[PDB]
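J.: Attaching a single structure in structure tokens format; questions to follow.
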Amino acid sequence: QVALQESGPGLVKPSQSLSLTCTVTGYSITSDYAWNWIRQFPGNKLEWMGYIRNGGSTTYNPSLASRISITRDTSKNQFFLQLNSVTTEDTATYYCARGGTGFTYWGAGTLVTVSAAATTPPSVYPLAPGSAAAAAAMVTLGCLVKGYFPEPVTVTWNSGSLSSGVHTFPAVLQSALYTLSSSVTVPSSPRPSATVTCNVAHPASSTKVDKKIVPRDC
Amino acid sequence: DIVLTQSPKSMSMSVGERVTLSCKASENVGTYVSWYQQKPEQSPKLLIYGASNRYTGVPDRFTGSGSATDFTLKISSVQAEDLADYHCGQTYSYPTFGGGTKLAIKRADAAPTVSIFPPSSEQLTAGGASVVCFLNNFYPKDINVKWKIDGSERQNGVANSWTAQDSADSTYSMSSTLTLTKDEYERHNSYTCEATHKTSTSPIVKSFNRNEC
Amino acid sequence: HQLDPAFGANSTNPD
């Protein structure tokens, strides 16, 4: 089928120019169809930025028209977005999409942050309970991933074996950086015998951590 | 520039109920209105195009009518899986989207399951010190968590985060995190977290004393 | 008609 996939910068300074790259698989971007760039701001809001047509014509949004440029590379089968003079209001998550009878095939969407800040890797701390050998027949261990820039981070438990009883909480910005945590609930039996480990990944900084949940003293 | 308007910004609904969202064009868009579905950490998915046409793999429970200006969308029976934001957009002039209607599921009351954790050893060495506290699997969303170090209420340093509904059971889960300097943490005793939900006449209070190994 | 205006050199808000 049609498989769009955007890539490119994650965090870029202000007044600078952004440049994403959407690569499509399973359909030439030169035989029928509109090839779009749509952006989704934090929360709920969608904004169609424009598109590169089959013939290679362009129709931008009358408001970003003075700042953007959508070109293509017909041999690599990829079209690219270019956002100049990026203000901090421009930070959002970007998608490339096929357009004919509505927008049909959307890309995974890559998030772009416009901040004067700097990339700082996370401090991952393991959260163990302090009170005998748990509470009931259920134990909830957790993990605090604090101080990292910018979003996102990916946390899993024991490489994905612990796929249930998991809760990952949305990050909140603590001044110039974020903090995230994630709990996991399991029975008191496979808690200290079996060993659980939270594994965090902060792509933008190429940091991958495997912190273990050890029982606090007693 | 053709403004589109979605009505119920949000809705709560039981299962088997009959949902009905509404979208409106500012100036005649004809029948070029389409509905998208956006679940947590997923890309939208086309649902209806041409104001009335369903797409592929899209279950029968989704149908759309409407023409030039007034458009709607139905769900014969809302299922747990039907939790997500619903957008619409016109593809007549320049593509402009609606405001999205966030649709949540109405389940029954369920009290949270709190669990407060003491600040990890290494973090202290690292200078800081965070007392975490999870409020898991509750409903309704409305909860108030209150920290109290040694009896006195601390409203400075706390950071709360909540999760999107469902989780196959249609409940929520909050998390509060109080962040202190080590010193300050080291000069106090009891660190209690106090959740006050409506499925509890009195508040649920978990706590720990900085003096028990 | 299927939603092909905004694309194939056709519609576009006036003014």
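Each chain of the structure tokens is named A, B, ... in the order shown, its residues numbered from 1; ligands are numbered from 1 in display order.
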Within 12 Å of residue 65 (chain A), counting only C-alpha atoms, which residues qualify if same-chain residues fewer than 2 places away don't, as a PDB file with N, CA, C and O atoms, in the first residue's frame?
T.:
ATOM      1  N   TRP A  48      -3.517  22.782   7.356  1.00  0.00           N
ATOM      2  CA  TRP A  48      -3.009  22.313   6.063  1.00  0.00           C
ATOM      3  C   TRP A  48      -2.051  23.403   5.615  1.00  0.00           C
ATOM      4  O   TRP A  48      -2.448  24.556   5.471  1.00  0.00           O
ATOM      5  N   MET A  49      -0.791  23.055   5.402  1.00  0.00           N
ATOM      6  CA  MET A  49       0.179  24.056   5.010  1.00  0.00           C
ATOM      7  C   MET A  49       0.273  24.241   3.520  1.00  0.00           C
ATOM      8  O   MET A  49       0.583  25.334   3.051  1.00  0.00           O
ATOM      9  N   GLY A  50       0.015  23.174   2.772  1.00  0.00           N
ATOM     10  CA  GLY A  50       0.093  23.249   1.319  1.00  0.00           C
ATOM     11  C   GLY A  50       0.394  21.914   0.660  1.00  0.00           C
ATOM     12  O   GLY A  50       0.449  20.878   1.328  1.00  0.00           O
ATOM     13  N   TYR A  51       0.583  21.925  -0.655  1.00  0.00           N
ATOM     14  CA  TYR A  51       0.882  20.697  -1.368  1.00  0.00           C
ATOM     15  C   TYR A  51       1.619  20.894  -2.682  1.00  0.00           C
ATOM     16  O   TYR A  51       1.624  21.973  -3.272  1.00  0.00           O
ATOM     17  N   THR A  58       2.240  24.008  -7.159  1.00  0.00           N
ATOM     18  CA  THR A  58       2.151  24.209  -5.728  1.00  0.00           C
ATOM     19  C   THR A  58       1.052  25.150  -5.288  1.00  0.00           C
ATOM     20  O   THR A  58       0.833  26.201  -5.880  1.00  0.00           O
ATOM     21  N   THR A  59       0.362  24.760  -4.229  1.00  0.00           N
ATOM     22  CA  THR A  59      -0.695  25.582  -3.680  1.00  0.00           C
ATOM     23  C   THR A  59      -0.482  25.665  -2.169  1.00  0.00           C
ATOM     24  O   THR A  59      -0.772  24.717  -1.431  1.00  0.00           O
ATOM     25  N   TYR A  60       0.037  26.803  -1.716  1.00  0.00           N
ATOM     26  CA  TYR A  60       0.305  27.004  -0.301  1.00  0.00           C
ATOM     27  C   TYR A  60      -0.863  27.650   0.423  1.00  0.00           C
ATOM     28  O   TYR A  60      -1.819  28.109  -0.195  1.00  0.00           O
ATOM     29  N   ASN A  61      -0.775  27.682   1.746  1.00  0.00           N
ATOM     30  CA  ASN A  61      -1.803  28.307   2.559  1.00  0.00           C
ATOM     31  C   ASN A  61      -1.592  29.821   2.434  1.00  0.00           C
ATOM     32  O   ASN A  61      -0.495  30.325   2.692  1.00  0.00           O
ATOM     33  N   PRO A  62      -2.635  30.566   2.028  1.00  0.00           N
ATOM     34  CA  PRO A  62      -2.523  32.020   1.877  1.00  0.00           C
ATOM     35  C   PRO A  62      -1.840  32.780   3.016  1.00  0.00           C
ATOM     36  O   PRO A  62      -1.485  33.949   2.852  1.00  0.00           O
ATOM     37  N   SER A  63      -1.638  32.122   4.158  1.00  0.00           N
ATOM     38  CA  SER A  63      -0.988  32.764   5.309  1.00  0.00           C
ATOM     39  C   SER A  63       0.493  32.398   5.501  1.00  0.00           C
ATOM     40  O   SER A  63       1.268  33.210   5.991  1.00  0.00           O
ATOM     41  N   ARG A  67       6.328  32.392   3.478  1.00  0.00           N
ATOM     42  CA  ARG A  67       7.427  31.753   4.183  1.00  0.00           C
ATOM     43  C   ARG A  67       7.771  30.332   3.801  1.00  0.00           C
ATOM     44  O   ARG A  67       8.873  29.875   4.112  1.00  0.00           O
ATOM     45  N   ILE A  68       6.852  29.617   3.160  1.00  0.00           N
ATOM     46  CA  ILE A  68       7.145  28.229   2.839  1.00  0.00           C
ATOM     47  C   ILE A  68       7.414  27.885   1.391  1.00  0.00           C
ATOM     48  O   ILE A  68       7.036  28.612   0.469  1.00  0.00           O
ATOM     49  N   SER A  69       8.062  26.740   1.209  1.00  0.00           N
ATOM     50  CA  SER A  69       8.432  26.268  -0.106  1.00  0.00           C
ATOM     51  C   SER A  69       8.381  24.742  -0.115  1.00  0.00           C
ATOM     52  O   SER A  69       9.096  24.090   0.636  1.00  0.00           O
ATOM     53  N   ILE A  70       7.527  24.178  -0.959  1.00  0.00           N
ATOM     54  CA  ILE A  70       7.380  22.727  -1.067  1.00  0.00           C
ATOM     55  C   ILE A  70       7.932  22.222  -2.407  1.00  0.00           C
ATOM     56  O   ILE A  70       7.286  22.370  -3.439  1.00  0.00           O
ATOM     57  N   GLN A  82       9.734  23.227   3.478  1.00  0.00           N
ATOM     58  CA  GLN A  82      10.712  24.199   3.920  1.00  0.00           C
ATOM     59  C   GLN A  82      10.010  25.389   4.550  1.00  0.00           C
ATOM     60  O   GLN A  82       9.357  26.165   3.850  1.00  0.00           O
ATOM     61  N   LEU A  83      10.158  25.526   5.870  1.00  0.00           N
ATOM     62  CA  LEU A  83       9.546  26.612   6.637  1.00  0.00           C
ATOM     63  C   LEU A  83      10.624  27.593   7.081  1.00  0.00           C
ATOM     64  O   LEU A  83      11.448  27.271   7.936  1.00  0.00           O
ATOM     65  N   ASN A  84      10.608  28.789   6.508  1.00  0.00           N
ATOM     66  CA  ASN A  84      11.593  29.805   6.851  1.00  0.00           C
ATOM     67  C   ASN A  84      11.122  30.743   7.964  1.00  0.00           C
ATOM     68  O   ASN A  84       9.920  30.868   8.215  1.00  0.00           O
TER      69      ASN A  84
END
J.: Define the interface residues of chain B facing chain C as those within 7 Å, counting only C-alpha atoms, and report them as an MDAnalysis selection string.
T.: chainID B and resid 1:2 32 50 91:95
J.: Just the selected residues (C-alpha atoms), exported as an mmCIF file, in the first residue's frame, please.
T.:
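again_26.cif, written as the output of this step:
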data_model
loop_
_atom_site.group_PDB
_atom_site.id
_atom_site.type_symbol
_atom_site.label_atom_id
_atom_site.label_comp_id
_atom_site.auth_asym_id
_atom_site.auth_seq_id
_atom_site.Cartn_x
_atom_site.Cartn_y
_atom_site.Cartn_z
ATOM 1 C CA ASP B 1 -11.543 31.856 4.338
ATOM 2 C CA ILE B 2 -14.196 29.175 4.829
ATOM 3 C CA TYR B 32 -16.551 18.106 -0.001
ATOM 4 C CA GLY B 50 -17.595 13.251 0.169
ATOM 5 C CA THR B 91 -11.512 20.273 0.580
ATOM 6 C CA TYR B 92 -13.251 22.845 -1.608
ATOM 7 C CA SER B 93 -11.183 26.078 -1.473
ATOM 8 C CA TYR B 94 -8.063 25.916 0.659
ATOM 9 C CA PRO B 95 -8.144 22.985 3.097
#
J.: Would you write out, as a tab-separated table, a table of all residues in chain A that have an atom no more than 7 Å from an atom of chain C, listing for each the closest atom pair and the distance in Å to one decimal, considering only C-alpha atoms and ordering rows by chain and rising residue number?
T.:
residue	atom	partner	partner_atom	distance
A:34	CA	C:7	CA	6.1
A:100	CA	C:4	CA	5.7
A:101	CA	C:3	CA	4.7
A:102	CA	C:3	CA	6.0
J.: Quick one: pull the distance between CA of residue 142 (chain A) and CA of residue 175 (chain B), Å, one decimal.
T.: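 Between CA of residue 142 (chain A) and CA of residue 175 (chain B) the gap works out to 10.9 Å.
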J.: Do you know which residues are at most 9 Å from residue 44 (chain B) counting only C-alpha atoms, after dropping those on the same chain fewer than 6 positions away, and could you put them as a list in words?
T.: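 Those residues are residues 105 and 106 of chain A; 36, 37, 38, 85, 86 and 87 of chain B.
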